[PDB]
Each structure stands twice: as structure tokens, then as C-alpha cells.
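Novice: Attaching a single structure in C-alpha cells format; questions to follow.
For neighbour counting, all protein chains shown are included, and Cβ atoms are generated from backbone atoms with ideal geometry for every residue, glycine included. Every read-out reported here was derived from the displayed coordinates using simple, explicitly stated rules and does not represent laboratory data.
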Amino acid sequence: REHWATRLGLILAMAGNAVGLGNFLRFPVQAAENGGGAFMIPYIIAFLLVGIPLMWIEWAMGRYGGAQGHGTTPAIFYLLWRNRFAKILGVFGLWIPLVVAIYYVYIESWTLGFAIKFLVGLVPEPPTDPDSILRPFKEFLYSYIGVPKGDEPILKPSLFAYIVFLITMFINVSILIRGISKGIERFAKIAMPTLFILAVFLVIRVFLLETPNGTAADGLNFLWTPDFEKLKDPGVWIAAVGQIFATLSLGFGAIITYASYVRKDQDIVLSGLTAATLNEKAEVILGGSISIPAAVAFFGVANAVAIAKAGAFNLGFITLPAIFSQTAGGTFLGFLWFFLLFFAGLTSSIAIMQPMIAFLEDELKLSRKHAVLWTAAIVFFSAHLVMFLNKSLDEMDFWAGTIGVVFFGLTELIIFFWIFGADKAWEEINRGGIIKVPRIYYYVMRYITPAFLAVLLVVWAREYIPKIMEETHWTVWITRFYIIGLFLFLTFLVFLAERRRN
Ligand SMILES: CCCCCCCCCCC
Ligand SMILES: CC(C)C[C@H](N)C(=O)O
Ligand code: NA
Ligand code: NA
């Protein structure tokens with residue numbers, strides 16, 4: 001089996017896995033919509049009672065399976081629990097990362113395209129009216145991704161966006177095709193430092209933004225000022241947990257696959273903790289100190305929250321660059337922004353394609369080249385659905401990146417810490433560890449976390465089951481149909497692998 005060259009490379013690789021678009025795009029929106037500071041508390045709690053334990057658990061499962069030449073959940077679940085149904089459940093460990101990759105890589109390509117156009121200086125040129133200043137950039141984004149006037153099902157992506165998507169795929173491939181240490185690790189050792197530097201620079205530059213309408217410091221205060229009136233709102237907790245799952249790459253089967261390339265004797269406790277901590281730092285300190293503080297700086301708190309509620313891509317692709325365009329050298333600043341977004345996105349995407357690649361290598365005994373090329377082909381082909389169908393991206397992100405990750409987290413936790421055995425699981429987690437996990441977390445992994453995830457899934461189900469059947473748009477049905485098809489396909493591949501074993 002292939003392994004990580006150095007411990008530093010491993011750390012930066014996992015960090016590259018976690019630190020992504022979710023830190024600089026999703027987090028600011030989630031925090032703004034949930035009352036800033038009021039969102040932090042639950043967040044932190046969700047990080048302590050869900051993020052960390054699941055992180056360690058996925059590291060342990062990953063290394064455990066990897067020691068036996070298996071990097072994906074279809075086989076690992078079976079190793080932990082002898083049953084076909086365990087493999088069937090394991091299919092999600094490929095389905096989720098594949099589906100998520102499908103649109104994630106596309107958004108990444110967006111950030112790349114914007115990076116290029118902003119570098120070359122091909123951007124809209126605003127003239128004191130906000131709606132105005134924002135309009136040109138809105139039209140810019142809409143022209144880029146081909147957004148219809150009213151609410152129409154067909155998207156008309158520009159040729160440039162398509163070509164840039166091809167390029168993005170090419171970059172992902174060029175990295176993944178080299179392998180774990182030659183490809184992912186090498187790239188991480190550069191992209192990560194670059195990312196942190198750009199992030200810090202942007203943070204400082206944004207902090208210097210001050211106008212008659214507000215300052216960045218106001219944004220920082222709003223984000224770090226506690227509010228206990230929202231603690232009774234279940235939605236805030238749900239959003240916190242969801243953000244934790246998303247930002248830590250939990251339930252995506254990515255952490256596991258990355259961990260399968262960690263030598264059996266190497267520690268996964270301190271390494272995992274370090275990766276998670278790095279992610280949280282990049283999220284609450286870097287991600288939260290850019291978009292929101294700027295929006296508040298220019299338009300104020302209220303308007304910033306409104307914009308945040310307007311959409312996820314509205315803040316990162318429209319509002320922020322529109323704000324930068326009003327400052328000296330704002331175009332270049334925008335470039336730095338989108339470049340940062342690009343490196344983060346890429347460092348995540350390779351991580352979410354590695355599960356499929358790894359399955360092709362370990363179970364179907366395909367070479368790395370073939371595995372990478374076929375995975376790339378599948379993702380690229382499937383991407384057209386996201387590119388040309390409106391509301392498709394949202395549907396995939398919902399079924400895979402929202403419900404699926406939680407369901408899968410609960411599933412893996414139950415299989416590893418209950419069926420496989422709590423004591424054996426614990427011993428497996430701590431074994432070889434440079435530091436030992438606090439005893440309390442034991443009781444946290446066995447009782448608290450699973451209970452939380454269960455309750456969450458129950459509420460979600462209760463709320464969505466009636467809405468699902470009654471949905472007008474046909475694009476969502478096409479998407480559902482297709483991703484179901486993907487699930488059947490992966491199940492079939494698992495079947496073929498199983499038959500090959502015999
Ligand atoms: C292997 C060392 C990599 C160093 C990366 C430096 C990048 C500097 C970026 C400045 C914005
Ligand atoms: C799906 C994951 C790779 C997402 C990543 N953890 C992020 O924060 O963007
Ligand atoms: Na993250
Ligand atoms: Na990343």
C-alpha cells in the first residue's frame with residue numbers, strides 16, 4: 001500500500017482536505033444568518049461533541065482498513081462487521097464524495113475563472129448607490145454561470161466557464177495522478193502555506209476597511225458577541241452541526257481514505273487533532289474575518305446579514321468583489337480572494353475524488369492512472385447535469401452534502417463503536433498515539449454523539465418527508481433519478497469487486 005512520506009505532509013494534506021470553500025464561503029453565511037455570536041456557542045459545542053470524536057473515529061477506521069489494503073467504507077465496514085448490508089451501507093462512502101465532487105469541482109472552477117478574469121482585469125466597472133455597485137457584479141456572475149432572467153430550469157454557461165471547468169479537471173487529475181506522496185502531499189506542502197499567507201493578508205487588508213457606514217471591527221464584534229436568545233432555536237444548532245460536518249469533511253469518506261495511507265504504527269490522535277484545529281483556525285479566525293467584516297464595513301450589520309441571507313454565492317462572488325472595486329487596487333485584491341478560494345477548493349476536491357480512485361485501486365485492482373482517469377471522466381460527465389440544470393446543484397448538495405453526511409456519520413460511528421465493539425474501537429483509536437484521547441470522549445463517542453445525530457436525523461426527516469413528494473420543478477426529479485443511478489452503479493461495482501475476491 002502507498003503511504004504518506006512525512007508526518008508534516010500528512011498533516012498539511014488532511015488540513016487541505018478540511019480547509020476549503022466551506023471556510024470562506026459557507027461559514028460566513030451560516031454565522032451571519034444565525035446571529036453571528038449566537039451561532040458560535042453551538043458551533044463550538046458541535047465541534048467538541050461531534051467534530052473531534054468523528055474525526056478521530058474516521059482516522060482510526062481509515063488506518064485500520066488501510067493496514068489490510070482497503071481505503072474505502074465498502075470493504076472497511078465489512079472488516080468491522082461481517083455482512084453484505086455493511087457493504088451496501090459502505091456504498092455511501094463513495095456515493096457521497098462522488099456526488100459532492102460533481103458540483104464542488106464546478107464551484108472551484110468558478111473561483112478559478114474569476115481568479116483569471118480578475119487578474120487580467122476583465123471585470124465590471126462600477127461608478128454611491130449600493131444596488132447599483134452590486135448590479136454589474138451580479139450580471140457578471142449570472143453571465144458567467146448562465147443564470148436565467150426569471151426562474152427557468154435551463155442554465156446557459158459561457159464557453160469560458162466550460163473551458164475553465166475542463167482546465168480545473170485537468171489540474172485535479174494532474175495532482176491526483178502522481179499519487180499520495182508525490183501528488184497530494186507535495187501539492188499540500190505548497191498550497192497550504194500559500195493559502196494561509198493569502199488568508200492572513202486578506203484578513204489584515206479587510207480589517208483596515210472603514211467607512212461612514214461601518215467598519216470591519218464592527219463585523220468582528222457582531223461575529224464574536226454572544227447571544228443567548230438564539231440558544232432555544234433548534235435551527236441554530238442544526239446549522240452548527242451541519243457546518244461542522246461540512247467543514248471537517250466528516251461523513252464524506254474522505255478522511256477515512258486519506259487515513260488508509262497512514263502506516264499502521266503511526267499516530268492518528270495528535271495528527272487528527274492538529275488537522276481539525278488548523279481547520280477551525282482557518283474557519284473562525286480567517287474565514288470569519290474577511291467576508292462579513294467587509295460587508296458590515298461597507299453596508300453595515302443589518303445589510304450584511306440581509307446579503308448573507310440572500311444566498312451563499314452572493315456574498316463571495318458578488319458582494320465582496322463589488323466592495324473591493326471601491327478600493328484602490330480592488331481588482332487585484334479580488335484576484336487574491338478568488339485565488340485563495342481556488343487553492344482551498346482544489347485541496348478539498350482532490351480529497352473528495354480520492355475515495356473513488358482508491359476504491360478502483362484496492363477493490364478492482366486498477367492502476368492509479370486508470371483509476372484517476374476514469375474517476376475524472378465520471379465526475380466530468382456527471383457535471384453537465386450541474387452545469388445546465390438549475391436547482392440541480394442544490395439538490396445534490398442537499399441529498400449528499402447535508403443529509404447523507406450526517407446519516408453516514410451516524411452509520412460509521414454505530415458500526416465502529418457499537419457493533420465492532422467500544423473497547424476495541426477505543427484501543428484502536430489510541431494505539432500508536434503520540435497523545436492519548438481524554439477518557440471522557442469514550443463516553444462521548446458511545447452515547448452522546450450517536451444520540452445527537454439520531455435526534456437530528458429524526459427532526460430532519462420529520463420536516464422534509466412531506467416536502468419531498470410535493471415539489472414542482474422537474475430538474476430536481478432528473479437530478480434525484482441520476483444520483484440514484486449513480487448509487488446503483490457504485491453498488492454494482494462493489495458487487496463486481498466482491499465477485500472478483502471469490
Ligand atoms: C515547500 C515550501 C512552500 C512555500 C510556499 C510559499 C508561497 C508564498 C505565497 C505568497 C502569497
Ligand atoms: C466536502 C469537503 C471536502 C468540504 C471541505 N471540508 C470544506 O470545508 O470545504
Ligand atoms: Na473546512
Ligand atoms: Na481544501
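Novice: Quick one: which of 156-167, 372-383 comes out on top by average Cβ neighbours within 10 Å, and what's the full order, highest first?
Specialist: 372-383, 156-167
Novice: Give, in whole angstrom and from largest to smallest, the semi-axes √(5λ) of the equivalent ellipsoid of the stretch 43-126, with λ running over the eigenvalues of the Cα gyration tensor.
Specialist: They are 38, 18, 12 Å, listed from largest to smallest.
Novice: At a 10 angstrom cut-off on C-beta neighbours, averaged per residue, how do the peptides 476-487, 401-412 rank from highest to lowest?
Specialist: The peptides rank, most packed first, as 401-412, 476-487.
Novice: While we're on this one: Over the chain, what number does the Rg to Rh ratio reach, with both radii from the alpha-carbon atoms and Rh per Kirkwood?
Specialist: 0.95
Novice: Once the dipole of the stretch 130-255 is set up with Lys and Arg at +1 and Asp and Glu at -1 on Cβ about the Cα centre, which of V173, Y142, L220 lies farthest towards its positive end?
Specialist: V173
Novice: Once all Cα-Cα distances of the stretch 380-495 are split into 10 Å bins that start at 0, what whole-number percent is in each one?
Specialist: Over the stretch 380-495, the share of Cα pairs per 10 Å bin runs 11, 30, 27, 20, 11, 1 percent.
Novice: Still on this structure, I have one more. Can you tell me the dipole magnitude for the chain around its Cα centre, using point charges on the Cβ only (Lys, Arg +1; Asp, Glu -1), in Debye to the nearest 20?
Specialist: Charge dipole of the chain: 1640 debye, to the nearest 20.
Novice: Per-residue counts of other Cβ atoms within 10 Å, averaged by peptide: what ranking do you get for 465-472, 174-181, 211-218, highest first?
Specialist: Highest-to-lowest ranking by the protection proxy: 174-181, 211-218, 465-472.
Novice: Here's a follow-up. Can you find, among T247, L336, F298, the residue farthest towards the positive end of the dipole of the chain? Put +1 on the C-beta of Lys and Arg, -1 on that of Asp and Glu.
Specialist: Result: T247, furthest along the dipole toward the positive end.
Novice: Please state the charge dipole magnitude for the stretch 410-496, taken about the Cα centre, from unit charges on C-beta atoms (+1 on K and R, -1 on D and E), reported in debye and rounded to the nearest 20.
Specialist: That gives a dipole near 240 debye.
Novice: Sum -39500 (n - 2.57) across every DSSP H segment of at least 4 residues in the chain, then divide by the residue count to get the 222 nm mean residue ellipticity, nearest 500.
Specialist: Rounded to the nearest 500, the figure is -22000 deg cm²/dmol.
Novice: On average over all directions, what projected area in square nanometres does the stretch 22-78 have, based on the convex hull of its Cα atoms?
Specialist: Projected over every direction and averaged, the Cα hull of the stretch 22-78 covers 5.1 nm².
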